[PDB]
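Beneath this line is the structure, given in structure tokens, with notes to follow.
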Amino acid sequence: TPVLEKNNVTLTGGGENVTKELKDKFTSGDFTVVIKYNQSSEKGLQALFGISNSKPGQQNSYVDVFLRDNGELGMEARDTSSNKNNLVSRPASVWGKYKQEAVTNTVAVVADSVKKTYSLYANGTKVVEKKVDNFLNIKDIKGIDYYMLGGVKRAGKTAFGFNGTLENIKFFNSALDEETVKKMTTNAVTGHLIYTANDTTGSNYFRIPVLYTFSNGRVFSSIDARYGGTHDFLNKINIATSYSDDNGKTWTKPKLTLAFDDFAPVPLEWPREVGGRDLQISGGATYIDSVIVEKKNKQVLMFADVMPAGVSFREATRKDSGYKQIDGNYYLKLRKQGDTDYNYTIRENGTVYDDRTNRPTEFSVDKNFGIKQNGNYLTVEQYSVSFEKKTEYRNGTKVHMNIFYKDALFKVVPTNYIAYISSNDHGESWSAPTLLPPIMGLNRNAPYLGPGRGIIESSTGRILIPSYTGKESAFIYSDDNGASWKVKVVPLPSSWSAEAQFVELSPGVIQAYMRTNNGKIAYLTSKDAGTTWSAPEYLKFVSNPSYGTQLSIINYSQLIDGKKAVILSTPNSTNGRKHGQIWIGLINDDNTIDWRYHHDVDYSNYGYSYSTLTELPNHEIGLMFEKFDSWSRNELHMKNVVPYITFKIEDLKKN
Ligand SMILES: CC(=O)N[C@H]1[C@H]([C@H](O)[C@H](O)CO)OC(C(=O)O)=C[C@@H]1O
């Protein structure tokens, strides 16, 4: 039970003195403080409460919990005369605003002198726990004599003044246990996660959300389940999915849809300290960066990049497709252990052929890229990961030997591929993966997918899938309803990571909106359903760092102000992946777009990285996004940071 509980304390920087109420309550010196609050203004560093020695000379003798204007939650515990200064925090811990209202958050700190740890909670997640050698509790700090809500009294003056309402605050004179505080901090914000740390996927981390609405009214999601922290590479990554049959109100428990089992789908506590955060899982095959489209016959397609163990965007050979052409057919090539050349091909029925004799061997490759010998699977030992400093070790479980694995008898060229799977039941079940043929040419690697959706161009029925090479756009398309694939390769002005998404403006007229390396969003126009493309133009109202970020843009089915509309989601800040905005663009008779409305998702300094939009069956808009800066090295390996939210068009008109 609490030693003090206060309510509805509204403050504009001035604080409230609770010294009488708390002096003498903290007999051990340990504490837990649970704060339900909303901010009226996010600017500046703000303390939810402060326990201090307030006398002259003692300004570095206090304990607080604080909020920053970027959503970071932290705590300090400091003592002047011993020059001890503890700081524990996690970025991207709270929400600011949502549809014009201050968001209620619930945060907590626990100081446990027996464990010498400080822990912080926010909205049902333990965002950080840190053992510190210079531990300080209230009793360790010399001359504590002032206890304040909404500030810290330093040398007779209020510092870090809070602006908002403390809805409820509880002080306890002991360290409460993990499960209790998680539960006390659960609130509405907790319910915005579709994918959560250590859910059914077994992953602690997620990136790259995709939302898509099927013609039956199902709203479908996919995501990268990233097991070895949030690194793009090297990593062990599966694609997970989850769906809603009620306009997004409730979602299925995630399922694994594309996954390799050379490593198991198990939760790892990836180190966030500078000394460990660069660590990667290096020996494991992966699927990464998903694209969803629904065909006109209602079959659903999902594409993803395929990385063999040890391969990524960084390491993949650019000068080999991994295919060989033999008698006009293209066959995936293989190198056998102990050979220097690639002497083998996978041909009809998955039969592995020795290219030197042009005869079938006793080996074959199954529909999931697993290897058999005389009809029986070959196996290898699965890896697990251990920390103490990281080890990847053989764990004694047998999985099928696979051509994408580190320990295979036959291996593919160490480059990146694309695979696609199809579903005839709106994503309850999926075919085995098909690898894309060497559409870029035999002597070039596959392109890299632009995460989000593809489209069906309405006048031709052409299926378009966005991708990029690092130097060109690669618009993968089919003119036979997905039976065969070709590509339009478009050289770009510079080395853009050209993650793109399409809209259709009018029949036969499409635009590709994409990331660049120059700070702007580019759009290229085709008036022949993607066969030829204009020179790039640039949006004038978004200004981002040079590296860029993925965007989402969709067609919307309903008129807005009497006009056909598109809806765009992007960060908009030169300071980082921040300041999420949703823009409404109304299409004019002449196919120019009037970018008439924008909505700021949260405050400007709050994190906003990869995103995905979909129109719900009821004509509201669903948004999932990375609510953190996914470029920053300081925001790596964070749990429960990819929420789902919804807007009415009337919400999006405001800002
Ligand atoms: C396949 C892959 O690596 N995709 C990643 C992509 C890529 O590395 C970059 O575009 C190279 O320039 O970058 C990012 C990113 O947050 O910036 C995330 C993607 O998942």
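The way I read the labels, and the way they are meant: chains A, B, ... in the order of the structure tokens, residue 1 as the first residue of every chain, and ligand 1 as the first ligand shown, with later ones counted on from there.
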
Residues near region 211-223 of chain A, anyone? I mean within 6 Å using only C-alpha atoms, not counting same-chain ones fewer than 2 positions away, as a PyMOL selection string. chain A and resi 208-209+239-245+612+614+617

Those same residues, written as a PDB file, in the first residue's frame with N, CA, C and O atoms?
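As written to disk, result.pdb reads:
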ATOM      1  N   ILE A 208       9.390  -3.007 -39.604  1.00  0.00           N
ATOM      2  CA  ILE A 208       8.793  -3.094 -40.953  1.00  0.00           C
ATOM      3  C   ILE A 208       7.360  -3.619 -41.007  1.00  0.00           C
ATOM      4  O   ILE A 208       7.107  -4.662 -41.603  1.00  0.00           O
ATOM      5  N   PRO A 209       6.398  -2.887 -40.424  1.00  0.00           N
ATOM      6  CA  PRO A 209       4.971  -3.257 -40.482  1.00  0.00           C
ATOM      7  C   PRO A 209       4.373  -3.075 -41.892  1.00  0.00           C
ATOM      8  O   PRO A 209       4.759  -2.169 -42.585  1.00  0.00           O
ATOM      9  N   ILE A 239       9.052 -13.656 -41.086  1.00  0.00           N
ATOM     10  CA  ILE A 239       7.902 -12.802 -41.313  1.00  0.00           C
ATOM     11  C   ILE A 239       6.745 -13.418 -40.570  1.00  0.00           C
ATOM     12  O   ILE A 239       6.461 -14.626 -40.740  1.00  0.00           O
ATOM     13  N   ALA A 240       6.102 -12.591 -39.736  1.00  0.00           N
ATOM     14  CA  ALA A 240       4.920 -12.914 -38.963  1.00  0.00           C
ATOM     15  C   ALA A 240       3.733 -12.159 -39.539  1.00  0.00           C
ATOM     16  O   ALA A 240       3.917 -11.150 -40.226  1.00  0.00           O
ATOM     17  N   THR A 241       2.537 -12.682 -39.284  1.00  0.00           N
ATOM     18  CA  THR A 241       1.287 -12.088 -39.741  1.00  0.00           C
ATOM     19  C   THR A 241       0.205 -12.152 -38.646  1.00  0.00           C
ATOM     20  O   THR A 241       0.284 -13.006 -37.746  1.00  0.00           O
ATOM     21  N   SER A 242      -0.823 -11.305 -38.803  1.00  0.00           N
ATOM     22  CA  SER A 242      -1.915 -11.196 -37.909  1.00  0.00           C
ATOM     23  C   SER A 242      -3.027 -10.451 -38.576  1.00  0.00           C
ATOM     24  O   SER A 242      -2.743  -9.565 -39.328  1.00  0.00           O
ATOM     25  N   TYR A 243      -4.274 -10.808 -38.296  1.00  0.00           N
ATOM     26  CA  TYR A 243      -5.380 -10.263 -39.046  1.00  0.00           C
ATOM     27  C   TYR A 243      -6.553  -9.925 -38.186  1.00  0.00           C
ATOM     28  O   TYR A 243      -6.667 -10.439 -37.037  1.00  0.00           O
ATOM     29  N   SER A 244      -7.389  -9.023 -38.705  1.00  0.00           N
ATOM     30  CA  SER A 244      -8.556  -8.546 -37.959  1.00  0.00           C
ATOM     31  C   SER A 244      -9.774  -8.747 -38.842  1.00  0.00           C
ATOM     32  O   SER A 244      -9.774  -8.286 -39.979  1.00  0.00           O
ATOM     33  N   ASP A 245     -10.822  -9.332 -38.287  1.00  0.00           N
ATOM     34  CA  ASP A 245     -12.086  -9.513 -39.009  1.00  0.00           C
ATOM     35  C   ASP A 245     -13.131  -8.584 -38.461  1.00  0.00           C
ATOM     36  O   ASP A 245     -14.281  -8.695 -38.834  1.00  0.00           O
ATOM     37  N   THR A 612       2.849   2.178 -42.405  1.00  0.00           N
ATOM     38  CA  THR A 612       1.965   1.519 -43.326  1.00  0.00           C
ATOM     39  C   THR A 612       0.515   1.945 -43.052  1.00  0.00           C
ATOM     40  O   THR A 612       0.033   1.959 -41.910  1.00  0.00           O
ATOM     41  N   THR A 614      -3.604   1.557 -44.436  1.00  0.00           N
ATOM     42  CA  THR A 614      -4.627   0.831 -45.165  1.00  0.00           C
ATOM     43  C   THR A 614      -6.000   1.514 -44.922  1.00  0.00           C
ATOM     44  O   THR A 614      -6.231   2.134 -43.863  1.00  0.00           O
ATOM     45  N   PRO A 617     -12.507  -1.346 -44.085  1.00  0.00           N
ATOM     46  CA  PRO A 617     -13.810  -1.541 -44.702  1.00  0.00           C
ATOM     47  C   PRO A 617     -14.856  -0.454 -44.439  1.00  0.00           C
ATOM     48  O   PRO A 617     -15.627  -0.125 -45.339  1.00  0.00           O
TER      49      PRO A 617
END

Any chance you could tabulate, as CSV, the residues of chain A at most 9 Å from ligand 1 with each one's nearest atom pair and distance in Å to one decimal, using only C-alpha atoms and all ligand atoms, in chain and rising number order?
residue,atom,partner,partner_atom_place_in_ligand_line,distance
A:207,CA,ligand 1,20 (O),7.5
A:208,CA,ligand 1,20 (O),6.4
A:224,CA,ligand 1,20 (O),8.2
A:231,CA,ligand 1,20 (O),8.5
A:232,CA,ligand 1,3 (O),5.1
A:233,CA,ligand 1,3 (O),6.3
A:234,CA,ligand 1,3 (O),8.8
A:287,CA,ligand 1,1 (C),8.7
A:288,CA,ligand 1,1 (C),5.8
A:289,CA,ligand 1,20 (O),5.4
A:305,CA,ligand 1,1 (C),6.6
A:306,CA,ligand 1,1 (C),8.7
A:307,CA,ligand 1,1 (C),8.5
A:312,CA,ligand 1,3 (O),6.1
A:313,CA,ligand 1,3 (O),4.9
A:314,CA,ligand 1,8 (O),7.4
A:416,CA,ligand 1,1 (C),8.5
A:448,CA,ligand 1,1 (C),6.0
A:449,CA,ligand 1,1 (C),7.3
A:450,CA,ligand 1,4 (N),8.4
A:451,CA,ligand 1,20 (O),7.9
A:468,CA,ligand 1,10 (O),8.6
A:470,CA,ligand 1,12 (O),6.6
A:495,CA,ligand 1,12 (O),8.8
A:496,CA,ligand 1,12 (O),7.5
A:497,CA,ligand 1,10 (O),4.6
A:498,CA,ligand 1,10 (O),7.3
A:499,CA,ligand 1,10 (O),7.0
A:515,CA,ligand 1,10 (O),8.9
A:547,CA,ligand 1,17 (O),7.6
A:548,CA,ligand 1,17 (O),7.3
A:549,CA,ligand 1,17 (O),6.0
A:550,CA,ligand 1,17 (O),7.3
A:609,CA,ligand 1,16 (O),7.5
A:610,CA,ligand 1,16 (O),7.1
A:629,CA,ligand 1,16 (O),8.9
A:630,CA,ligand 1,16 (O),5.7
A:631,CA,ligand 1,16 (O),5.8

Put those residues in a file: N, CA, C and O atoms, as a compact mmCIF listing (two decimals), in the first residue's frame.
# COMPACT_ATOMS: atom_id res chain seq x y z
N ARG A 207 10.13 -4.94 -36.61
CA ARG A 207 10.28 -3.80 -37.51
C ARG A 207 9.52 -4.05 -38.81
O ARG A 207 9.08 -5.19 -39.11
N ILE A 208 9.39 -3.01 -39.60
CA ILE A 208 8.79 -3.09 -40.95
C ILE A 208 7.36 -3.62 -41.01
O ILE A 208 7.11 -4.66 -41.60
N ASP A 224 8.28 -7.83 -39.90
CA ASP A 224 9.54 -8.49 -39.63
C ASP A 224 9.60 -8.80 -38.06
O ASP A 224 9.62 -7.87 -37.29
N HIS A 231 18.59 -4.95 -35.52
CA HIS A 231 19.49 -4.84 -36.71
C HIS A 231 18.84 -5.29 -38.02
O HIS A 231 18.25 -6.39 -38.13
N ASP A 232 18.97 -4.44 -39.03
CA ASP A 232 18.60 -4.85 -40.42
C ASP A 232 19.48 -6.06 -40.83
O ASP A 232 19.00 -7.00 -41.54
N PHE A 233 20.74 -6.04 -40.38
CA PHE A 233 21.65 -7.10 -40.67
C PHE A 233 22.84 -7.02 -39.75
O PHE A 233 23.06 -5.93 -39.22
N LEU A 234 23.57 -8.10 -39.49
CA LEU A 234 23.13 -9.47 -39.77
C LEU A 234 22.08 -9.71 -38.70
O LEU A 234 22.14 -9.12 -37.63
N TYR A 287 14.23 -14.10 -43.78
CA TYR A 287 13.30 -13.37 -44.67
C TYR A 287 13.12 -11.96 -44.15
O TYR A 287 13.05 -11.77 -42.95
N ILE A 288 13.09 -10.98 -45.05
CA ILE A 288 13.12 -9.55 -44.65
C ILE A 288 12.42 -8.70 -45.70
O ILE A 288 12.53 -9.00 -46.87
N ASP A 289 11.62 -7.72 -45.24
CA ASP A 289 10.99 -6.64 -46.03
C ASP A 289 9.85 -7.20 -46.93
O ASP A 289 10.10 -7.64 -48.06
N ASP A 305 12.29 -10.68 -49.25
CA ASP A 305 13.63 -10.88 -49.60
C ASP A 305 14.10 -12.13 -48.84
O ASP A 305 13.73 -12.39 -47.72
N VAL A 306 14.99 -12.86 -49.48
CA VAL A 306 15.53 -14.07 -48.87
C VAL A 306 17.04 -13.89 -48.75
O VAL A 306 17.68 -13.62 -49.76
N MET A 307 17.55 -14.02 -47.53
CA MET A 307 19.00 -13.92 -47.27
C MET A 307 19.53 -15.24 -46.73
O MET A 307 19.08 -15.71 -45.67
N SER A 312 23.56 -10.25 -46.47
CA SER A 312 22.61 -9.15 -46.28
C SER A 312 22.82 -8.14 -47.40
O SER A 312 23.63 -8.36 -48.30
N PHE A 313 22.15 -7.00 -47.29
CA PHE A 313 22.33 -5.89 -48.23
C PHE A 313 23.78 -5.47 -48.30
O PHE A 313 24.26 -5.07 -49.35
N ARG A 314 24.48 -5.58 -47.16
CA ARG A 314 25.87 -5.17 -47.07
C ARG A 314 26.82 -6.14 -47.78
O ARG A 314 27.75 -5.70 -48.42
N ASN A 416 21.41 -12.08 -52.36
CA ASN A 416 20.01 -11.92 -51.95
C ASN A 416 19.09 -12.37 -53.05
O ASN A 416 19.42 -12.24 -54.25
N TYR A 448 15.90 -5.54 -54.21
CA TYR A 448 15.48 -5.51 -52.82
C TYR A 448 14.11 -4.90 -52.82
O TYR A 448 13.90 -3.85 -53.48
N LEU A 449 13.19 -5.53 -52.07
CA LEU A 449 11.78 -5.09 -52.09
C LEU A 449 11.60 -3.77 -51.40
O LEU A 449 12.26 -3.51 -50.40
N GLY A 450 10.69 -2.96 -51.90
CA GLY A 450 10.20 -1.79 -51.15
C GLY A 450 9.01 -2.21 -50.27
O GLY A 450 7.93 -2.41 -50.83
N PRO A 451 9.19 -2.34 -48.93
CA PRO A 451 8.17 -2.80 -48.02
C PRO A 451 6.86 -2.00 -48.07
O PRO A 451 6.90 -0.76 -48.06
N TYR A 468 14.19 -2.06 -55.65
CA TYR A 468 15.32 -1.18 -55.86
C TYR A 468 16.64 -1.93 -55.75
O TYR A 468 16.72 -2.96 -55.15
N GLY A 470 19.72 -0.01 -55.16
CA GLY A 470 20.73 0.94 -54.61
C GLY A 470 21.18 2.00 -55.61
O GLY A 470 21.74 3.03 -55.19
N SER A 495 22.60 7.23 -55.77
CA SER A 495 22.48 5.94 -55.11
C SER A 495 21.36 5.92 -54.04
O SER A 495 21.63 5.89 -52.85
N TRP A 496 20.12 6.01 -54.49
CA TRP A 496 18.94 6.05 -53.62
C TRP A 496 18.63 4.65 -53.08
O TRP A 496 18.64 3.66 -53.82
N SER A 497 18.34 4.56 -51.80
CA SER A 497 17.64 3.36 -51.29
C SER A 497 16.16 3.48 -51.62
O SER A 497 15.35 3.79 -50.74
N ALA A 498 15.83 3.21 -52.87
CA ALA A 498 14.50 3.62 -53.52
C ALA A 498 13.29 2.72 -53.16
O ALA A 498 12.60 2.20 -54.00
N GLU A 499 13.12 2.52 -51.85
CA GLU A 499 11.90 1.96 -51.26
C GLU A 499 10.72 2.79 -51.80
O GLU A 499 10.64 3.97 -51.52
N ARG A 515 11.78 6.87 -51.37
CA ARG A 515 12.95 7.34 -50.62
C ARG A 515 14.12 7.68 -51.57
O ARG A 515 14.35 7.01 -52.59
N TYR A 547 19.77 10.29 -45.57
CA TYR A 547 19.55 8.83 -45.62
C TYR A 547 18.11 8.36 -45.97
O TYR A 547 17.98 7.31 -46.53
N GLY A 548 17.10 9.13 -45.58
CA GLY A 548 15.73 8.89 -45.84
C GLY A 548 15.14 7.75 -44.97
O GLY A 548 15.80 7.09 -44.12
N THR A 549 13.87 7.56 -45.23
CA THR A 549 13.10 6.58 -44.62
C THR A 549 12.05 6.09 -45.58
O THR A 549 11.58 6.84 -46.45
N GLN A 550 11.62 4.84 -45.40
CA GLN A 550 10.48 4.30 -46.17
C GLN A 550 9.23 5.15 -45.92
O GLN A 550 9.08 5.82 -44.85
N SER A 609 9.33 6.18 -37.76
CA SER A 609 10.18 5.59 -38.79
C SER A 609 9.32 4.91 -39.84
O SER A 609 8.47 5.56 -40.47
N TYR A 610 9.54 3.65 -40.14
CA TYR A 610 8.72 2.92 -41.16
C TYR A 610 7.22 2.86 -40.80
O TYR A 610 6.86 2.69 -39.64
N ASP A 629 13.02 5.97 -33.54
CA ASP A 629 13.90 6.31 -34.64
C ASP A 629 14.71 5.03 -34.91
O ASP A 629 15.63 4.65 -34.13
N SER A 630 14.38 4.38 -36.03
CA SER A 630 15.02 3.06 -36.41
C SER A 630 16.41 3.16 -37.08
O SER A 630 17.04 2.15 -37.38
N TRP A 631 16.86 4.39 -37.32
CA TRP A 631 18.21 4.69 -37.83
C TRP A 631 19.16 4.88 -36.70
O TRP A 631 20.30 4.41 -36.78

List every residue of region 364-470 of chain A that has an atom at most 10 Å from any atom of region 325-348 of chain A, giving for each one its closest atom pair and the distance in Å to one decimal, counting only C-alpha atoms, sorted by chain and then by ascending residue number, as a tab-separated table.
residue	atom	partner	partner_atom	distance
A:364	CA	A:346	CA	7.5
A:365	CA	A:346	CA	7.2
A:403	CA	A:334	CA	8.0
A:407	CA	A:337	CA	9.3
A:408	CA	A:337	CA	7.8
A:409	CA	A:337	CA	5.4
A:410	CA	A:336	CA	4.5
A:411	CA	A:335	CA	5.2
A:412	CA	A:334	CA	5.0
A:413	CA	A:334	CA	7.0
A:435	CA	A:332	CA	9.1
A:437	CA	A:330	CA	7.1
A:438	CA	A:330	CA	7.6
A:442	CA	A:325	CA	7.9

Taking 3 positions as the minimum chain separation for residues in the same chain, which residues sit within 8 Å of residue 264 (chain A) when counting only C-alpha atoms? Answer as a PyMOL selection string. chain A and resi 261+382-384

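Note that CA of residue 456 (chain A) and CA of residue 474 (chain A) are 16.3 Å apart.
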
Can you tell me, as JSON, numbers by chain, what residues are no more than 6 Å from region 418-431 of chain A when counting only C-alpha atoms, ignoring any on the same chain fewer than 4 positions away? {"A": [299, 300, 301, 302, 303, 304, 305, 306, 435, 436]}

Just list the residues in region 608-652 of chain A DSSP gives helix (DSSP H, G or I) on the backbone, as a list in words. residues 649, 650, 651 and 652 of chain A

Skip residue 165 (chain A) itself and residues of its chain fewer than 6 positions away, then list as a list in words all residues within 6 Å of it, counting only C-alpha atoms. residues 9, 10, 37 and 38 of chain A

Got a sec to tell me which of region 63-227 of chain A DSSP assigns to strand (DSSP E or B), as a PyMOL selection string? chain A and resi 63-67+73-79+84-90+97-98+101-102+105-112+117-122+125-131+146-149+152-154+157-159+163-172+193+205-213+219-226

Can you pull out every residue within 12 Å of residue 23 (chain A), counting only C-alpha atoms, but drop anything in the same chain fewer than 4 positions away, and send it as a PyMOL selection string? chain A and resi 3-4+17-19+27+29+51-53+138-139+143-148+171+173

Residues of the last selection are to be written out with C-alpha atoms, as a PDB file, in the first residue's frame.
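Okay, this is what ended up in selection-v8.pdb:
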ATOM      1  CA  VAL A   3       2.428   6.037   1.803  1.00  0.00           C
ATOM      2  CA  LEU A   4       1.043   8.917  -0.280  1.00  0.00           C
ATOM      3  CA  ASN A  17       5.101  20.688  -2.180  1.00  0.00           C
ATOM      4  CA  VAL A  18       4.428  17.327  -0.492  1.00  0.00           C
ATOM      5  CA  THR A  19       7.293  17.484   2.072  1.00  0.00           C
ATOM      6  CA  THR A  27      12.596   4.091   6.294  1.00  0.00           C
ATOM      7  CA  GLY A  29      15.233   4.308   1.442  1.00  0.00           C
ATOM      8  CA  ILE A  51      13.045  14.260  -3.902  1.00  0.00           C
ATOM      9  CA  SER A  52      15.878  16.604  -3.098  1.00  0.00           C
ATOM     10  CA  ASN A  53      18.139  18.371  -0.680  1.00  0.00           C
ATOM     11  CA  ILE A 138      16.704   8.197  -0.795  1.00  0.00           C
ATOM     12  CA  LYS A 139      18.583   7.478   2.446  1.00  0.00           C
ATOM     13  CA  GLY A 143      20.251  15.943   3.744  1.00  0.00           C
ATOM     14  CA  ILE A 144      17.092  15.118   1.735  1.00  0.00           C
ATOM     15  CA  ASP A 145      14.533  17.638   3.028  1.00  0.00           C
ATOM     16  CA  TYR A 146      12.174  18.409   0.115  1.00  0.00           C
ATOM     17  CA  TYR A 147       9.583  16.289  -1.688  1.00  0.00           C
ATOM     18  CA  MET A 148       7.829  17.761  -4.642  1.00  0.00           C
ATOM     19  CA  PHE A 171       4.560   6.598  -3.570  1.00  0.00           C
ATOM     20  CA  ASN A 173       8.463   2.995   0.597  1.00  0.00           C
TER      21      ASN A 173
END

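Across A:583, A:206, A:26, A:608, the tightest approach to residue 228 (chain A) is made by A:206 when counting only C-alpha atoms.
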